[PDB]
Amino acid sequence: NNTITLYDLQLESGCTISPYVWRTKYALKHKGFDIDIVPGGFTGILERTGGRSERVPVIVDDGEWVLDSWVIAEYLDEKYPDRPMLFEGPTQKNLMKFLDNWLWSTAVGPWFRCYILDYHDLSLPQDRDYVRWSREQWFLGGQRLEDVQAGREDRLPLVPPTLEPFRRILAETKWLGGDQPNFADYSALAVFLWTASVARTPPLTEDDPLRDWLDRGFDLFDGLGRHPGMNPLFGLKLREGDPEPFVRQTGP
């Protein structure tokens, strides 16, 4: 007090990679708490916690253990209604999940393959083996990470245009939460926060309209998304035959 312990999932740079952990960090700072960060990575999670969890994020509030990023957010609104609210109501929760699933299929799907080797190489030394064989086999390969990531220069141009439905929303609002951000923003942002933690070449063009919301989000809470290990999201260079990355239109 005013502190809550958080079990992180970090890269070798100390930088968070897990989007679930990312939106939980933002949710905690939204509520105005200080975070006691427990470092670590993909391996040894059960041992790092008291045996209470095989997954992160996990928080400990005084001595109350809360598992699952979604549950954590609901817990914070329930126990601390006096601090800035994360959810507007039940309708937000349902429509959030629809947006989140779409971002995951549209952005995370393709980008995961484009950065799967960077993902591995940027991980903690103890993690790299576990990440290698399991990722190139479970999620899956069926073969190896150098072969899956190869050719990303050809895939990355194809993603920006597909994000237009999301651009369409942010064109007419400052935050998903309106004039101020909430968990809808943080959950959406987590997709791009993960991407920045592993993207050793930028997935978006320098003038993508998303940049306004993205930079503001990453700057929130004293630069929560500006950890020294983070990579630029912007700088994608396109070719004559590439698709236009976004709709260029003004503006009645």
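Start at 1 with the first residue shown and count on from there.
- Across the two stretches, 129 to 137 and 158 to 166, the PDB entry reports the greater mean Cα temperature factor for 129 to 137.
- Across the two stretches, 149 to 157 and 120 to 128, the PDB entry reports the greater mean Cα temperature factor for 120 to 128.
- Reading the B-factor column for the CA atoms of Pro81, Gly109, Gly178, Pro90 in the entry, the top value corresponds to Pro81.
- Taking the deposited Cα B-factors for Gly63, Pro209, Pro203, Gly32, the highest one is held by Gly63.
- Remark: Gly223 belongs to the middle third of its chain, ranked by C-alpha B-factor as recorded.
- When all modelled residues of the chain are sorted by CA temperature factor, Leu9 is found within the highest third.
- When the modelled residues of the chain are ordered by their C-alpha B factor, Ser197 lands in the middle third.
- Sort the chain's modelled residues by C-alpha temperature factor and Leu28 lands in the middle third, per the entry.
- Among the modelled residues of the chain, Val38 sits in the middle third by CA temperature factor in this PDB entry.
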